[PDB]
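Topology and contacts: notes
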Amino acid sequence: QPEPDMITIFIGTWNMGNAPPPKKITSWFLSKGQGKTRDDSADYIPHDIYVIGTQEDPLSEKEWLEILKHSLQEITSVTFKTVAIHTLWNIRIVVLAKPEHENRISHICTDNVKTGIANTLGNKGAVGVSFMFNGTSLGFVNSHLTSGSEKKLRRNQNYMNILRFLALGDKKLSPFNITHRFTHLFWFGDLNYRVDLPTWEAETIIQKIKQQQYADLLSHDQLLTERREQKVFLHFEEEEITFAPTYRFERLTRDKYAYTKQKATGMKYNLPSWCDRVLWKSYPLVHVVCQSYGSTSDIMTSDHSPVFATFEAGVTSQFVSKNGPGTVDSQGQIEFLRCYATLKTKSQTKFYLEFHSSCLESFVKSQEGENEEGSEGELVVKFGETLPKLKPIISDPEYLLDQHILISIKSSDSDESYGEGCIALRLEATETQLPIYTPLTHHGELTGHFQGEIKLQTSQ
Ligand SMILES: Cc1cccc(NC(=O)[C@@H]2CCCN2)n1
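Reading guide: rules and limits
Residues numbered from 1 in each chain as written, not as in the entry; some residues may be left out. Heavy atoms only, no water. Residues with missing side-chain atoms left out of burial classes, pairs and counts. Near = heavy atom within 4 Å. Polar contact = N/O pair within 3.5 Å; in protein donor to acceptor, adjacent residues only side chain to side chain. Areas by Shrake-Rupley, 256 points an atom, 1.4 Å probe, with all protein chains shown as cover. Helix = DSSP H or I, 4+ residues; strand = E, 2+ residues; numbered from the N terminus. Nonpolar A, V, L, I, M, F, W, Y, C, P; charged D, E, K, R; others polar. Core = buried A, V, L, I, M, F, W, Y, C linked by side-chain atoms within 4.5 Å. Buried < 20%, exposed > 50% of the residue type's maximum accessible area, 1.4 Å probe, protein only. Contact = heavy atoms within 4.5 Å. Salt bridge = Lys/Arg side-chain N within 4 Å of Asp/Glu carboxyl O. Arc of directions from axis to C-beta. 1 Å grid on protein atoms, 1.4 Å probe; cavity = no way out; pocket = protein on both sides within 12 Å on 5 of 7 lines; lining within 4 Å. Points joined across faces, edges and corners; volume = space filled by probe spheres on them. Domains from an automatic or database assignment.

**Side note on the site of the ligand**
In the region of the ligand, the neighbouring residues are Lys81, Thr82, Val83, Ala97, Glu102, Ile105 and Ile108. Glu102 places a main-chain nitrogen or oxygen 2.5 Å from a nitrogen atom of the ligand. Contacts to the ligand include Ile105, whose backbone N or O atom sits 2.9 Å from a nitrogen atom. Out of a free accessible area of 390 Å², the ligand has 62% covered by protein chains. Among the secondary structure elements, those contributing two or more residues to the shell around the ligand are strand 4 (81-88) and strand 6 (105-114). Among the elements that take part in the shell around the ligand, strand 4 stands out by supplying 3 residues, more than any other. Among the residues making up the shell around the ligand, the classes are represented as 4 nonpolar, 1 polar and 2 charged.

**Thoughts on the nonpolar core**
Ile9, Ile11, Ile49, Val51, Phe131, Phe140 and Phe311 are the most contacted members of the largest nonpolar core, which totals 47 residues. Residues in contact with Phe140, not counting those within four places in the same chain, are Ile9, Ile11, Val51, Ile93, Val127, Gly128, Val129, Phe131, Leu168, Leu185, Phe186 and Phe188.

**What about the environment of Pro198?**
In this fold, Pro198 is placed in the loop between strand 9 (184-190) and helix 5 (202-210). Residue classification places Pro198 among the partly exposed positions, given a relative accessible area of 33%.

**Re the pattern of salt bridges**
Across all of its chains, the model carries 17 salt bridges by this definition. Here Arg248 ties to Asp303 by a salt bridge, and the two come within 3.2 Å at their closest N and O atoms. With a gap of 55 residues between them, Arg248 in the loop between helix 7 (222-228) and strand 10 (276-282) and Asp303 in the loop between strand 11 (288-295) and strand 12 (307-314) connect regions that are remote in the sequence. Relative accessible area serves as the criterion here: at 8%, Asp303 is assigned to the buried category.

**What about helix 5?**
Of all the positions in helix 5, only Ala202, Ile205, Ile206 and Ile209 are classed as buried. For helix 5, the arc enclosing every buried residue in end-on projection is 100°, short of the 170-degree limit, so these residues lie on one face. Residues of helix 5 that are buried make contact with helix 6 (215-218). Phi turns positive, to about 55°, at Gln212, one or two residues after helix 5.

**Focus: the layout of surface pockets**
Roughly 1500 Å³ of volume is contained in the largest pocket. Around the largest pocket, the lining comprises 50 residues; the ones closest to its centre are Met132, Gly135, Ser357, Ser358 and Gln403. Split by residue class, the lining of the largest pocket holds 19 nonpolar, 22 polar and 9 charged. Viewed by domain, the lining of the largest pocket spans two of them, domain 1 (1-325) and domain 2 (326-460), each represented by three or more residues. The space that makes up the second largest pocket amounts to roughly 470 Å³. As for the second largest pocket, its lining consists of 29 residues, of which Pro284, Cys422, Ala424, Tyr437 and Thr438 are closest to the centre. Within the residue set of the lining of the second largest pocket, elements represented by two or more residues are helix 4 (178-181), strand 10, strand 19 (417-424) and strand 20 (434-442). No other element matches the 7 residues that strand 20 contributes to the lining of the second largest pocket. Counted by class, the lining of the second largest pocket contains 16 nonpolar, 7 polar and 6 charged residues. Shared between two domains, the lining of the second largest pocket takes at least three residues from each, and those domains are domain 1 (1-325) and domain 2 (326-460).

**A look at the environment of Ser411**
Topologically, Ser411 is positioned in strand 18 (residues 404-411). Classification of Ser411 by relative accessible area gives buried; the value is 2%. Each C-alpha atom of the pair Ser411 and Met16 lies 46 Å from the other, and the pair is 395 residues apart in sequence. Residues in contact with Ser411, not counting those within four places in the same chain, are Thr349, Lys350, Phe351, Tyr352, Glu416 and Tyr418. A distance of 3.1 Å separates a polar side-chain atom of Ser411 from the backbone nitrogen of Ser414.

Next up, the structure:
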């Protein structure tokens, strides 16, 4: 039975509004409703992995798992296995996988982050799951961010706290946050970003939605504008939105948006918004294709509609050679040539690099670089041809060209990372000097760049 080189992943996000679900929720898992929807001809084909994020979820874990499994079994005639379930307050993540994937799944991790301080601490935050699928690391974050149209900056802060503090994936990747630990990272939830238009324009917005004319609304969506200004979700992707705003509906119909201020809302307006979102970030040159992104039309127990997204995701096999794992394969080498980091920092410490990758027995520390001043103010750290030659565990090009090198640039004085990035080994040529590049981030914000040349030797 061959190992797969691609799987499909379902991501769902639903703010259930503290109400139990209706008896049938299959439309969600079938990607049917509004937006980019799934072909009817695929309805019986199971996804490999289903990841369900809920917010304002009133059910017990047991109650929701029974509904989910019975839903999938009705669609696919497959009894899915539970990979993980984790709940913080009313924020929950469930990961289910086809039983044939049991032997392929390992290193299952869960964690949560509570985002608020005092007043603000006690119901917002995030849950997450990670695991390995054969040679591929997968991370999943369900976040419920701060509500209210005038709190976009709090939402951005909530995002940075979650990616700093959520402890998923390989703890040996100590310089790296979740935005660098996974081949594929999916971040979804009730992100709570709103369409920023005047209150007086509510009925105009409703009209636009009834005409399915979303362009002048999406141009005011706070998540799209904050992303375009590099204030949040730097280096993540989102499919184009082609479904109506998923909040705030009157319950038991989808015919009415309930936007007007009420005591129950804290006297805040809830103009129709795309609160409920799915974003992803995959390592460079790994296959990831969104095959659906939309909302259901027939699940009406909440003031939100469920959102679905599905993905093709490239995966790699576990590799065993005569040599690695458990020795190097001297037929393999990675040389980083004429590299330099450009940093935005005002500090004047010396810096060194660390190279981390599951193609190495353990991470590699470089010598200190040579600091120079850039023409426009910047620190430039030069490494020359001084960098340690990296010795991968397997030299077979079918393995090595699918790997990635994580890079951290660290202060000699503090051993703190000033920037993290990732380089693909999916090169146009081996035994050939080729340009490489990554942006460098720290706490998910841009802090610099790393560029230079690579020379990769494989057994071919
Ligand atoms: C589908 C599923 C759910 C939960 C766990 C797993 N698989 C594993 O944990 C494998 C079994 C042997 C060691 N690792 N698969």
